[PDB]
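*Asks:* If you scroll down you'll find the structure; I have some questions about it.
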Amino acid sequence: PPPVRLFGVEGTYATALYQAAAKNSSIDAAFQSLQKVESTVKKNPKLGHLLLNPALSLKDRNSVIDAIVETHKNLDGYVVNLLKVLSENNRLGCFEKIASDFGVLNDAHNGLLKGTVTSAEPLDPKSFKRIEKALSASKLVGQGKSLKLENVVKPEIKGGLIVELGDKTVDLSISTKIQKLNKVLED
Amino acid sequence: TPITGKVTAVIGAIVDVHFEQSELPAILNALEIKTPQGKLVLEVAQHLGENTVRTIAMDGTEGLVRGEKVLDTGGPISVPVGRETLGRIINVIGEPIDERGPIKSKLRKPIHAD
Amino acid sequence: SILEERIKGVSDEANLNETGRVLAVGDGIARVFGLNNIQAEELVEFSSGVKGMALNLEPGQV
């Protein structure tokens, strides 16, 4: 069974898919192809917006799948059997929901963690590396559990940064420090 | 009718049918489900959509295998009436259960009326 | 390409702003999908010549 539980929430699809395609060892292929057919499906404006929309019927949905399997073939036929299942289950809006989850499971099997350096500005390459180094140096990123560290720029945060990974965050931002400082100087 | 379906569910005497076409009955239309209990006459009361109605069953339910064909007989069923309804005790179907045998139709009228 | 062409073909092709198509119905109460621009407490003329006022606007389904 899956090495990690996302506690379903349409992660139940991802889980089922994960173990089935894990024993078929065709999860990387599935994921990439799934991404690829999704990118061009999303970029078909009708049924890249209306695919999300639940306008479509059971019968109309099935005909959408037939168009989708024209868009690519192979690269795990368990995700092709999934397409049918999803149209039948009439959910195709939480399709990318499942895609995201499947990616997490897939890269969990690979043993890769995704962290983030939410910040108010795009930081130095020195900073990027130093944080990536720091995280590996800490046991927080253990070995065989890789790091993709993505610094993001968010305007809502005003100065400083919060590093997050392992559901442990160290938030050394100015916004948060300011919040406590302001509060005590209003109290 | 090409309005045929199968019986998706039988939750009590409130059967659900799934018509295989996007041609649907209407509300207060009538269906005859052919069963080894003869015809069972049901009346569509809700459309739960996606060509799956929820139907009040006006003839008793039991022993029903799921996925049993339906045919749409339309409207509120029309019984057969006359002055030959007089001296007849009739079941829901409209059949003489005092068993003088079938009522001589003159006017057959829909069970639901305005 | 061929995918996009077939996608164009199988798309419903109804704007559904200011109109919308029924999808539940029973009890003199219904739920329609569409009617994106619709006034509240408005009277809506069903194509079977019924009129119904609208009291619930829910995302996508009036």
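*Asks:* Please compute the contact order of chain A in relative form: average sequence separation of alpha-carbon pairs under 8 Å and at least six residues apart, divided by the residue count, as a percent.
*Replies:* Relative contact order here is 21 percent.
*Asks:* Share of Cα-Cα pairs in region C:12-62 beyond 13 Å, in percent? Intermediate values should be presented prior to the final figure.
*Replies:* Working: 715 of 1275 pairs.
Distances greater than 13 Å cover 56 percent of the Cα pairs.
*Asks:* Let me ask you something else. Rank-order A:57-69, A:110-122 by packing density, defined as the average count of other C-beta atoms within 10 Å over each peptide's residues, highest first. Kindly include the intermediate steps, with their values, before the conclusion.
*Replies:* On the way: A:57-69: 17.6, A:110-122: 16.0.
My ranking of the peptides, most packed first, is A:57-69, A:110-122.
*Asks:* To continue, here is another question. Determine ³J(HN,Hα), in whole Hz, for all residues of region A:130-140 in sequence, where each value follows from phi through the Karplus function 6.51 cos²θ - 1.76 cosθ + 1.60 and θ = phi - 60°; x replaces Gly and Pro.
*Replies:* Rounded to whole hertz, the list is 4, 5, 4, 4, 4, 5, 5, 4, 6, 6, 3.
*Asks:* Between the alpha-carbon centers of region B:38-114 and chain C, tell me the distance in whole angstrom.
*Replies:* 33
*Asks:* If contacts are Cα pairs under 8 angstrom and at least 6 residues apart, what is the relative contact order of chain B in percent? It would help to have the intermediate numbers written out before the result.
*Replies:* Numbers: 256 pairs, mean separation 28.6, N = 114.
Reported relative contact order: 25 percent.
*Asks:* Continuing with this model, one more query. Between A:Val152 and B:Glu99, what is the label-point separation in nm under the 7 Å Cα-to-beta-carbon projection?
*Replies:* About 7.9 nm, to one decimal.
*Asks:* Which order do A:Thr71, B:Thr1 fall in if you start with the one that has the fewest other Cβ atoms within 10 Å? All intermediate terms of the calculation are to be shown ahead of the outcome.
*Replies:* On the way: A:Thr71 18, B:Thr1 13.
Fewest to most other Cβ atoms nearby, the residues stand as B:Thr1, A:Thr71.
*Asks:* If packing is taken as the mean number of other Cβ atoms within 10 Å per residue, what is the order of A:86-92, A:22-28, highest first?
*Replies:* Numbers: A:86-92: 17.0, A:22-28: 15.4.
The most tightly packed comes first, giving A:86-92, A:22-28.
*Asks:* Just check chain A against the gyration tensor rule for me: Cα atoms, a ≥ b ≥ c as the square roots of the eigenvalues, rounded for a/c under 1.5, and otherwise prolate or oblate depending on whether a/b exceeds b/c. Don't jump to the answer; show the numbers that get you there.
*Replies:* Details: a/c = 2.57, a/b = 1.78, b/c = 1.44.
It is prolate, given that a/c is not under 1.5 and a/b is the larger ratio.
*Asks:* For the protein assembly as shown, what is the charge dipole size about the Cα centre, in debye to the nearest 20, if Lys and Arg each add +1 at the Cβ and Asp and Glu each add -1 at the Cβ?
*Replies:* Working: 44 positive and 46 negative charges, 195 e Å.
Here the size comes out at about 940 debye.
*Asks:* Can you give the relative contact order of region C:12-62 as a percent, counting alpha carbon pairs under 8 Å and 6+ residues apart?
*Replies:* Values: 71 pairs, mean separation 15.4, N = 51.
Result for region C:12-62 is 30 percent.
*Asks:* Compute the whole-percent fraction of alpha carbon pairs in chain B spaced more than 21 Å apart. Write out the running numbers ahead of the final one.
*Replies:* Values: 2519 of 6441 pairs.
Result for the distance tail: 39 percent.
*Asks:* Now for a different question. Let's see if you can work this out: charge +1 on each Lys and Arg Cβ, -1 on each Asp and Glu Cβ, no other charges. What is the dipole magnitude of chain A about its Cα centre, in debye to the nearest 20? Each step should come with its number before you reach the end.
*Replies:* On the way: 26 positive and 21 negative charges, 60 e Å.
For chain A, the charge dipole is close to 300 debye.
*Asks:* Which of B:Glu23, A:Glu186, A:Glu132 has the fewest other C-beta atoms within 10 Å, and how do the rest follow up to the most?
*Replies:* Working: B:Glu23 12, A:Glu186 6, A:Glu132 17.
Sorted ascending by nearby Cβ count, the order is A:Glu186, B:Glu23, A:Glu132.
*Asks:* Give me, ordered by chain and number, the residues 5 or more places off B:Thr35 or on other chains with an amide H under 5 Å from its own placed amide H.
*Replies:* Those qualifying (amide H under 5 Å, at least 5 residues apart or on another chain) are B:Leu40.
*Asks:* Now, a different point. Would you mind counting up the charge near B:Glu68? Only other residues with Cβ under 15 Å from its Cβ, with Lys and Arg at +1 and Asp and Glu at -1.
*Replies:* Counting the neighbours of B:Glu68, the net charge comes to -1.
*Asks:* Run a plain Debye calculation on the protein assembly as shown (Cα atoms as equal point scatterers, no solvent) and give log10 I(q)/I(0) at q = 0.11, 0.14 Å⁻¹, rounded to two decimals, same order as the q list.
*Replies:* -0.99, -1.23
*Asks:* Next up: If each residue of separation counts as 0.36 nm, what is the full-extension length gain between A:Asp124 and A:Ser138 once their alpha-carbon separation is subtracted? Show your work: numbers first, answer last.
*Replies:* Details: separation 14, 0.36 × 14 = 5.04 nm, distance 2.09 nm.
In short, 3.0 nm is gained.
*Asks:* What does the structure give for A:51-57 when I average, per residue, the other chain Cβ atoms found within 10 Å of the residue Cβ? Intermediate values should be presented prior to the final figure.
*Replies:* Working: counts 2, 0, 4, 4, 10, 3, 6.
Counting Cβ atoms of other protein chains within 10 Å of each residue's Cβ and averaging gives 4.
*Asks:* Using 0.36 nm per residue, how much length does the chain from C:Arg31 to C:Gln61 gain when fully extended, once their Cα-Cα distance is taken away? Don't jump to the answer; show the numbers that get you there.
*Replies:* Numbers: separation 30, 0.36 × 30 = 10.80 nm, distance 0.62 nm.
Extra length from C:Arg31 to C:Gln61 when fully extended: 10.2 nm.
*Asks:* Translational diffusion coefficient of region A:47-143 at 4 °C, 1.567 mPa s, Stokes-Einstein with Kirkwood Rh over Cα pairs, in µm²/s as a whole number.
*Replies:* Diffusion coefficient, whole number: 78 µm²/s.
*Asks:* In whole Hz, with x marking every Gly and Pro, tabulate ³J(HN,Hα) for region A:25-39 from phi via Karplus 6.51 cos²θ - 1.76 cosθ + 1.60, θ = phi - 60°.
*Replies:* My calculation for region A:25-39 gives 6, 9, 9, 5, 4, 4, 5, 5, 5, 5, 4, 5, 6, 5, 5 Hz in order.
*Asks:* Work through the residues other than A:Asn90 whose Cβ is under 9 Å from its Cβ and net out their charges, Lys, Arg +1 and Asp, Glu -1.
*Replies:* Details: positive: A:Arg61, A:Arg91; negative: A:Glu88, B:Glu50.
With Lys, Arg at +1 and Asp, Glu at -1, the net is 0.
*Asks:* Further, regarding this structure: Across region B:96-102, in residue order, what do the Karplus-derived ³J(HN,Hα) couplings come to in whole Hz, using 6.51 cos²θ - 1.76 cosθ + 1.60 with θ = phi - 60° and x for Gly and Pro?
*Replies:* x, 9, 9, 6, 8, x, x
*Asks:* What is the distance, in nm, between label points placed 7 Å from the Cα along the Cα-to-Cβ direction at A:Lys42 and at A:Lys177?
*Replies:* 3.7
*Asks:* Report Rg(Cα)/(2.2 N^0.38 Å) for region A:1-59, keeping two decimals. Let's see the in-between values first.
*Replies:* On the way: Rg = 14.3 Å, N = 59, 2.2 N^0.38 = 10.4 Å.
After normalising by residue count via 2.2 N^0.38 Å, the value is 1.38.
*Asks:* Counting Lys +1, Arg +1, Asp -1, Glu -1, what net charge surrounds B:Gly82 among other residues with beta carbon under 10 Å of its beta carbon?
*Replies:* Details: positive: B:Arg83, B:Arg88, B:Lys104, B:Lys106, B:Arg108; negative: B:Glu84.
Taking every Cβ under 10 Å from that of B:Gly82, the sum is +4.
*Asks:* Please list, ordered by chain and number, the residues whose modelled amide H lies under 5 Å from the amide H of A:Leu161; skip anything fewer than 5 residues away on the same chain.
*Replies:* Answer set, sorted by chain and number: A:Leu172, A:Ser173, A:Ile174.
*Asks:* Follow-up. Using only the alpha-carbon atoms, how far is helix A:59-71 inclined from the longest principal axis of chain A? Give it as 0 to 90 degrees, nearest 10.
*Replies:* In chain A, helix A:59-71 runs at an angle near 80 degrees to the longest axis.
*Asks:* So what is the calculated 222 nm ellipticity per residue for chain C, using -39500 (n - 2.57) for each DSSP H run with n of 4 or more, over all residues, to the nearest 500 deg cm²/dmol? Don't skip to the end; give the middle numbers.
*Replies:* On the way: 1 runs with 8 residues, N = 62.
Taken over chain C, the calculation gives -3500 deg cm²/dmol.
*Asks:* While we're on this one: In whole angstrom, note down how far apart the Cα centers of region A:110-162 and region A:49-106 are.
*Replies:* 33
Each reported figure results from applying straightforward, stated rules to the coordinates on display, with no laboratory input. Quick reminder, even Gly has a Cβ in these numbers, built from the backbone with ideal geometry, and neighbours come from all protein chains shown.
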